[PDB]
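Below is the file work11.csv, which contains CSV, N, CA and C atoms.
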```
chain,number,residue,atom,x,y,z
A,641,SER,N,165.9,47.4,85.7
A,641,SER,CA,166.2,46.0,86.0
A,641,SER,C,167.2,45.4,85.1
A,642,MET,N,167.7,44.2,85.4
A,642,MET,CA,168.7,43.5,84.6
A,642,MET,C,168.2,42.0,84.3
A,643,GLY,N,168.5,41.4,83.2
A,643,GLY,CA,168.2,40.1,82.8
A,643,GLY,C,168.5,39.9,81.3
A,644,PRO,N,168.6,38.7,80.8
A,644,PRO,CA,168.9,38.4,79.4
A,644,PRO,C,167.8,38.9,78.5
A,645,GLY,N,166.5,38.8,78.9
A,645,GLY,CA,165.4,39.2,78.0
A,645,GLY,C,165.3,40.7,78.1
A,646,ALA,N,166.2,41.4,77.5
A,646,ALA,CA,166.3,42.8,77.4
A,646,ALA,C,165.5,43.4,76.2
A,647,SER,N,164.7,42.6,75.5
A,647,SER,CA,163.9,43.1,74.4
A,647,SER,C,163.0,44.3,74.8
A,648,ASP,N,162.9,45.3,73.9
A,648,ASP,CA,162.1,46.5,74.1
A,648,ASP,C,160.7,46.5,73.4
A,649,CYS,N,160.2,45.3,73.0
A,649,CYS,CA,158.9,45.3,72.3
A,649,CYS,C,157.9,44.4,73.1
A,650,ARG,N,156.6,44.6,72.9
A,650,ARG,CA,155.5,43.8,73.6
A,650,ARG,C,154.4,43.6,72.6
A,651,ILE,N,153.4,42.9,73.0
A,651,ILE,CA,152.2,42.5,72.2
A,651,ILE,C,151.0,42.9,73.0
A,652,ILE,N,150.0,43.5,72.4
A,652,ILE,CA,148.7,43.9,73.0
A,652,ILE,C,147.6,43.3,72.2
A,653,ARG,N,146.4,43.3,72.8
A,653,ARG,CA,145.1,42.8,72.2
A,653,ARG,C,144.3,43.9,71.7
A,654,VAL,N,143.7,43.9,70.5
A,654,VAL,CA,142.9,45.0,70.0
A,654,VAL,C,141.6,44.5,69.4
A,655,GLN,N,140.4,45.0,69.9
A,655,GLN,CA,139.1,44.6,69.3
A,655,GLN,C,138.7,45.7,68.3
A,656,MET,N,137.6,45.4,67.6
A,656,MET,CA,136.9,46.3,66.6
A,656,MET,C,135.4,46.1,66.8
A,657,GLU,N,134.6,46.9,66.1
A,657,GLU,CA,133.2,47.0,66.2
A,657,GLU,C,132.5,45.8,65.4
A,658,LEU,N,133.2,44.8,65.1
A,658,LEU,CA,132.7,43.6,64.4
A,658,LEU,C,131.5,42.9,64.9
A,659,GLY,N,131.2,42.9,66.2
A,659,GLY,CA,130.0,42.3,66.9
A,659,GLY,C,129.9,40.8,66.7
A,660,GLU,N,129.3,40.4,65.5
A,660,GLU,CA,129.0,39.0,65.2
A,660,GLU,C,130.3,38.2,65.2
A,661,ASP,N,131.4,38.6,64.5
A,661,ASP,CA,132.6,37.9,64.5
A,661,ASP,C,133.3,37.7,65.8
A,662,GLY,N,132.8,38.4,66.9
A,662,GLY,CA,133.2,38.4,68.2
A,662,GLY,C,134.4,39.4,68.4
A,663,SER,N,134.9,39.4,69.7
A,663,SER,CA,135.9,40.3,70.1
A,663,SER,C,137.2,39.9,69.3
A,664,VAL,N,137.7,40.8,68.4
A,664,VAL,CA,138.9,40.5,67.6
A,664,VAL,C,140.1,40.2,68.6
A,665,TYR,N,140.5,41.1,69.4
A,665,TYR,CA,141.6,40.9,70.3
A,665,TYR,C,142.9,40.3,69.7
A,666,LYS,N,143.2,40.7,68.5
A,666,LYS,CA,144.4,40.2,67.7
A,666,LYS,C,145.6,40.7,68.4
A,667,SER,N,146.6,39.8,68.4
A,667,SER,CA,148.0,40.1,69.0
A,667,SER,C,148.7,41.1,68.1
A,668,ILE,N,148.8,42.3,68.5
A,668,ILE,CA,149.5,43.4,67.7
A,668,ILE,C,150.8,43.8,68.4
A,669,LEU,N,151.9,43.7,67.7
A,669,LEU,CA,153.2,44.0,68.2
A,669,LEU,C,153.2,45.6,68.5
A,670,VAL,N,154.0,46.0,69.5
A,670,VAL,CA,154.2,47.4,69.8
A,670,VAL,C,155.7,47.6,70.0
A,671,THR,N,156.2,48.6,69.2
A,671,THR,CA,157.6,48.9,69.3
A,671,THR,C,157.8,50.2,70.1
A,672,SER,N,159.0,50.6,70.5
A,672,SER,CA,159.3,51.8,71.3
A,672,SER,C,158.8,53.1,70.7
A,673,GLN,N,158.7,53.2,69.4
A,673,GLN,CA,158.2,54.4,68.7
A,673,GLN,C,156.9,54.1,67.9
A,674,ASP,N,156.2,53.0,68.1
A,674,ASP,CA,155.0,52.7,67.4
A,674,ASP,C,153.9,53.8,67.7
A,675,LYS,N,153.6,54.7,66.8
A,675,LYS,CA,152.6,55.7,67.0
A,675,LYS,C,151.3,55.2,66.7
A,676,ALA,N,150.2,55.8,67.3
A,676,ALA,CA,148.8,55.4,67.1
A,676,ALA,C,148.5,55.0,65.7
A,677,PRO,N,148.7,55.8,64.7
A,677,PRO,CA,148.4,55.5,63.3
A,677,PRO,C,149.2,54.4,62.7
A,678,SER,N,150.3,54.0,63.2
A,678,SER,CA,151.1,52.9,62.7
A,678,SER,C,150.5,51.6,63.2
A,679,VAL,N,150.1,51.6,64.5
A,679,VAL,CA,149.5,50.4,65.1
A,679,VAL,C,148.1,50.2,64.5
A,680,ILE,N,147.3,51.3,64.2
A,680,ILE,CA,146.0,51.2,63.6
A,680,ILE,C,146.2,50.4,62.3
A,681,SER,N,147.2,50.8,61.4
A,681,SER,CA,147.3,50.1,60.1
A,681,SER,C,147.5,48.6,60.3
A,682,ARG,N,148.2,48.1,61.4
A,682,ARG,CA,148.4,46.7,61.6
A,682,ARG,C,147.1,46.1,62.0
A,683,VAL,N,146.3,46.8,62.9
A,683,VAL,CA,145.0,46.3,63.4
A,683,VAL,C,144.1,46.1,62.2
A,684,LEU,N,144.0,47.1,61.3
A,684,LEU,CA,143.1,47.1,60.2
A,684,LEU,C,143.5,45.9,59.3
A,685,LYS,N,144.8,45.6,59.0
A,685,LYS,CA,145.1,44.5,58.1
A,685,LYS,C,144.9,43.1,58.9
A,686,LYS,N,144.8,43.2,60.2
A,686,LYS,CA,144.6,41.9,61.0
A,686,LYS,C,143.1,41.6,61.0
A,687,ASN,N,142.2,42.5,60.6
A,687,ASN,CA,140.8,42.4,60.5
A,687,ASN,C,140.4,41.9,59.1
A,688,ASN,N,141.3,41.4,58.3
A,688,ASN,CA,141.0,40.9,56.9
A,688,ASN,C,140.5,42.1,56.1
A,689,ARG,N,140.9,43.3,56.3
A,689,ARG,CA,140.5,44.5,55.6
A,689,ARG,C,141.5,44.8,54.5
A,690,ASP,N,141.0,45.5,53.6
A,690,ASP,CA,141.5,46.3,52.4
A,690,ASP,C,142.1,47.6,53.0
A,691,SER,N,142.6,47.4,54.2
A,691,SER,CA,143.0,48.3,55.2
A,691,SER,C,143.8,49.5,54.8
A,692,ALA,N,142.9,50.4,55.0
A,692,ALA,CA,142.5,51.8,54.9
A,692,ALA,C,143.4,52.7,55.7
A,693,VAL,N,143.1,54.0,55.5
A,693,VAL,CA,143.8,55.1,56.1
A,693,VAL,C,143.5,55.1,57.6
A,694,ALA,N,144.6,55.1,58.4
A,694,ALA,CA,144.5,55.1,59.8
A,694,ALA,C,143.9,56.5,60.3
A,695,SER,N,144.0,57.5,59.6
A,695,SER,CA,143.4,58.8,59.9
A,695,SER,C,141.9,58.8,60.0
A,696,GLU,N,141.3,57.8,59.5
A,696,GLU,CA,139.8,57.6,59.6
A,696,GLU,C,139.4,56.9,60.9
A,697,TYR,N,140.4,56.4,61.7
A,697,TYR,CA,140.1,55.7,62.9
A,697,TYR,C,141.0,56.3,64.0
A,698,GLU,N,140.7,55.9,65.3
A,698,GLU,CA,141.5,56.3,66.4
A,698,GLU,C,141.8,55.1,67.3
A,699,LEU,N,143.0,55.1,67.9
A,699,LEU,CA,143.5,54.1,68.8
A,699,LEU,C,142.9,54.4,70.2
A,700,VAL,N,142.4,53.4,70.9
A,700,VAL,CA,141.8,53.5,72.2
A,700,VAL,C,142.4,52.4,73.1
A,701,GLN,N,142.7,52.7,74.3
A,701,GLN,CA,143.2,51.8,75.3
A,701,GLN,C,142.0,51.5,76.3
A,702,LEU,N,141.9,50.3,76.7
A,702,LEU,CA,140.8,49.9,77.7
A,702,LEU,C,141.4,50.0,79.0
A,703,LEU,N,140.7,50.5,80.0
A,703,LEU,CA,141.2,50.6,81.4
A,703,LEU,C,140.2,49.7,82.3
A,704,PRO,N,140.8,49.0,83.3
A,704,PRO,CA,140.0,48.1,84.1
A,704,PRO,C,138.8,48.6,84.9
A,705,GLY,N,138.6,49.9,85.0
A,705,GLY,CA,137.4,50.5,85.6
A,705,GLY,C,136.3,50.8,84.6
A,706,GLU,N,136.3,50.2,83.5
A,706,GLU,CA,135.3,50.4,82.4
A,706,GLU,C,135.4,51.8,81.8
A,707,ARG,N,136.7,52.2,81.5
A,707,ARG,CA,137.0,53.6,80.9
A,707,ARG,C,137.7,53.3,79.7
A,708,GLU,N,137.9,54.4,78.9
A,708,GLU,CA,138.6,54.4,77.6
A,708,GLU,C,139.6,55.6,77.6
A,709,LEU,N,140.8,55.4,77.3
A,709,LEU,CA,141.9,56.4,77.1
A,709,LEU,C,142.3,56.3,75.7
A,710,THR,N,141.9,57.3,74.9
A,710,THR,CA,142.1,57.5,73.5
A,710,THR,C,143.5,58.0,73.3
A,711,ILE,N,144.3,57.3,72.5
A,711,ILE,CA,145.7,57.7,72.2
A,711,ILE,C,145.8,58.6,70.9
A,712,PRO,N,146.3,59.8,71.0
A,712,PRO,CA,146.4,60.7,69.9
A,712,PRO,C,147.5,60.3,68.9
A,713,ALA,N,147.4,60.8,67.6
A,713,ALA,CA,148.3,60.5,66.5
A,713,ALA,C,149.8,60.7,66.8
A,714,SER,N,150.3,61.8,67.4
A,714,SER,CA,151.7,62.1,67.7
A,714,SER,C,152.2,61.4,69.0
A,715,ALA,N,151.6,60.4,69.5
A,715,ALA,CA,152.0,59.7,70.7
A,715,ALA,C,152.4,58.3,70.5
A,716,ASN,N,153.5,57.9,71.0
A,716,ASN,CA,154.0,56.5,70.9
A,716,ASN,C,153.1,55.7,71.8
A,717,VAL,N,152.3,54.8,71.2
A,717,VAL,CA,151.4,54.0,72.1
A,717,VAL,C,152.1,53.4,73.2
A,718,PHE,N,153.3,52.8,73.0
A,718,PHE,CA,154.2,52.2,74.0
A,718,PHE,C,154.4,53.1,75.3
A,719,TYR,N,154.3,54.4,75.2
A,719,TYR,CA,154.5,55.4,76.3
A,719,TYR,C,153.2,56.2,76.6
A,720,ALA,N,152.3,56.3,75.6
A,720,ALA,CA,151.0,57.0,75.7
A,720,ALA,C,150.0,56.2,76.5
A,721,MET,N,150.0,54.9,76.3
A,721,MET,CA,149.1,53.9,77.0
A,721,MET,C,149.4,54.1,78.5
A,722,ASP,N,148.4,54.0,79.3
A,722,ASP,CA,148.6,54.1,80.7
A,722,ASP,C,149.5,52.9,81.3
A,723,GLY,N,149.4,51.8,80.6
A,723,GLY,CA,150.1,50.6,81.0
A,723,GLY,C,149.4,49.7,82.1
A,724,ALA,N,148.2,50.0,82.4
A,724,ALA,CA,147.4,49.3,83.4
A,724,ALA,C,146.6,48.1,82.8
A,725,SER,N,146.6,48.0,81.4
A,725,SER,CA,146.0,47.0,80.7
A,725,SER,C,146.6,46.9,79.3
A,726,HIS,N,146.9,45.7,78.9
A,726,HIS,CA,147.5,45.5,77.5
A,726,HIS,C,146.4,45.3,76.5
A,727,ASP,N,145.2,45.7,76.8
A,727,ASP,CA,144.0,45.6,76.0
A,727,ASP,C,143.7,46.9,75.4
A,728,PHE,N,143.3,46.9,74.2
A,728,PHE,CA,143.0,48.1,73.4
A,728,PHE,C,141.8,47.8,72.4
A,729,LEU,N,141.4,48.8,71.7
A,729,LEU,CA,140.4,48.7,70.7
A,729,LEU,C,140.6,49.8,69.6
A,730,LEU,N,139.9,49.7,68.5
A,730,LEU,CA,140.1,50.6,67.3
A,730,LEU,C,138.7,50.9,66.9
A,731,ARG,N,138.4,52.2,66.6
A,731,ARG,CA,137.0,52.6,66.1
A,731,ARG,C,137.1,53.7,65.1
A,732,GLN,N,136.3,53.7,64.1
A,732,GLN,CA,136.2,54.7,63.0
A,732,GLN,C,135.9,56.0,63.8
A,733,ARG,N,136.7,57.1,63.4
A,733,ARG,CA,136.5,58.4,64.0
A,733,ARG,C,135.9,59.3,63.0
A,734,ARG,N,134.9,60.2,63.5
A,734,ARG,CA,134.2,61.1,62.6
A,734,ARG,C,134.8,62.4,63.0
A,735,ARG,N,135.7,63.0,62.2
A,735,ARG,CA,136.3,64.3,62.4
A,735,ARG,C,136.9,64.6,61.0
A,736,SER,N,136.9,65.9,60.7
A,736,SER,CA,137.3,66.4,59.4
A,736,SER,C,138.8,66.4,59.1
A,737,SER,N,139.0,66.7,57.8
A,737,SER,CA,140.1,66.8,56.8
A,737,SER,C,141.2,67.9,57.1
A,738,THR,N,142.1,67.9,56.1
A,738,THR,CA,143.3,68.7,55.9
A,738,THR,C,143.2,70.2,55.8
A,739,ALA,N,142.1,70.8,56.2
A,739,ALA,CA,141.9,72.3,56.2
A,739,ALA,C,143.1,72.9,57.0
A,740,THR,N,144.1,73.4,56.2
A,740,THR,CA,145.4,74.0,56.6
A,740,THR,C,145.7,74.1,58.1
```
Show this structure as structure tokens.
Amino acid sequence: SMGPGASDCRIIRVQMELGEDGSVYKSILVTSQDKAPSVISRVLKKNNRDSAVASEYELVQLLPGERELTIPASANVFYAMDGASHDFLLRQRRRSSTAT
């Protein structure tokens, strides 16, 4: 398409397991090459955290049929996300270390 608003970035909503504090849903910017671990770092610091290694968490996209599409590390969220919902979440991942 054509139009003056040719910008290539967008903003998504991201929750966390906070519970009491309510659904975070913070406005997180998404660039053309924003990979999962880059976006996670922004979400973590938006949660008033001492924001930690993104490798300890995983990026998740919410889908309208009550499903979850988990975005892997080497995928640009901007293209990895299905694009059916601008809503996402972040959760601590339990998976091991740097064994070669």
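Residues in contact with range 669-676 of chain A at up to 9 Å, not including ones fewer than 4 positions away on its chain and judged by only C-alpha atoms, are residues 648, 649, 650, 651, 652, 680, 681, 682, 694, 698, 699, 700, 711, 712, 713, 714, 715, 716, 717, 718, 719 and 720 of chain A.
Backbone DSSP assigns helix (DSSP H, G or I) in chain A to residues 659, 660, 661, 676, 677, 678, 679, 680, 681, 682, 683, 684, 685, 686, 694, 695, 696, 717, 718, 719 and 720 of chain A.
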Quiz item: Restricting the calculation to only N, CA and C atoms, which member of A:653, A:707, A:735, A:666 is positioned closest to residue 695 in chain A?
Solution: A:735
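Using only C-alpha atoms for every distance, the candidate list A:697, A:641, A:686, A:663 yields A:697 as the residue closest to residue 710 in chain A.
Of note, CA of residue 732 in chain A and CA of residue 704 in chain A are spaced 22.4 Å apart.
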Quiz prompt | Å distance separating atom C of residue 709 in chain A from atom C of residue 731 in chain A, one decimal place | solution = 12.1 Å
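With CA of residue 687 in chain A on one side and CA of residue 665 in chain A on the other, the separation reads 9.9 Å.
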Quiz prompt | Neighbour list for range 656-662 of chain A as a ChimeraX atom specification, cut-off 5 Å, all atoms listed in the file, skip fewer than 2 positions in-chain | solution = /A:654,664,730
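For the choices A:689, A:737, A:684, A:701, the atom-to-atom distance to residue 721 in chain A is smallest for A:701 when using all atoms listed in the file.
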Self-check item: Every residue of chain A that DSSP places in strand (DSSP E or B), as a PyMOL selection string
Solution: chain A and resi 650-655+666-670+675+697-703+707-711+716+727-732
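Shortest separation to residue 725 in chain A among A:738, A:655, A:667, A:702 occurs at residue A:702, atoms counted being all atoms listed in the file.
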As a short mmCIF file (atom, residue, chain, number, x, y, z; two decimals), keeping the file's coordinate frame, please: range 688-699 of chain A completed to N, CA, C and O atoms.
```cif
data_model
loop_
_atom_site.label_atom_id
_atom_site.label_comp_id
_atom_site.auth_asym_id
_atom_site.auth_seq_id
_atom_site.Cartn_x
_atom_site.Cartn_y
_atom_site.Cartn_z
N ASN A 688 141.30 41.40 58.30
CA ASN A 688 141.00 40.90 56.90
C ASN A 688 140.50 42.10 56.10
O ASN A 688 139.69 41.83 55.15
N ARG A 689 140.90 43.30 56.30
CA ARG A 689 140.50 44.50 55.60
C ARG A 689 141.50 44.80 54.50
O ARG A 689 142.71 44.44 54.57
N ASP A 690 141.00 45.50 53.60
CA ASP A 690 141.50 46.30 52.40
C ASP A 690 142.10 47.60 53.00
O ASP A 690 141.87 48.67 52.49
N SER A 691 142.60 47.40 54.20
CA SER A 691 143.00 48.30 55.20
C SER A 691 143.80 49.50 54.80
O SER A 691 144.99 49.65 54.50
N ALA A 692 142.90 50.40 55.00
CA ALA A 692 142.50 51.80 54.90
C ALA A 692 143.40 52.70 55.70
O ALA A 692 144.38 52.35 56.34
N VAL A 693 143.10 54.00 55.50
CA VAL A 693 143.80 55.10 56.10
C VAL A 693 143.50 55.10 57.60
O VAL A 693 142.40 55.09 58.10
N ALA A 694 144.60 55.10 58.40
CA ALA A 694 144.50 55.10 59.80
C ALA A 694 143.90 56.50 60.30
O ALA A 694 143.38 56.47 61.44
N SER A 695 144.00 57.50 59.60
CA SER A 695 143.40 58.80 59.90
C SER A 695 141.90 58.80 60.00
O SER A 695 141.35 59.79 60.56
N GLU A 696 141.30 57.80 59.50
CA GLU A 696 139.80 57.60 59.60
C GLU A 696 139.40 56.90 60.90
O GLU A 696 138.24 56.69 61.14
N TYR A 697 140.40 56.40 61.70
CA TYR A 697 140.10 55.70 62.90
C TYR A 697 141.00 56.30 64.00
O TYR A 697 141.88 57.10 63.81
N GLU A 698 140.70 55.90 65.30
CA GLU A 698 141.50 56.30 66.40
C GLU A 698 141.80 55.10 67.30
O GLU A 698 140.94 54.22 67.46
N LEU A 699 143.00 55.10 67.90
CA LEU A 699 143.50 54.10 68.80
C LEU A 699 142.90 54.40 70.20
O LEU A 699 142.95 55.55 70.63
#
```
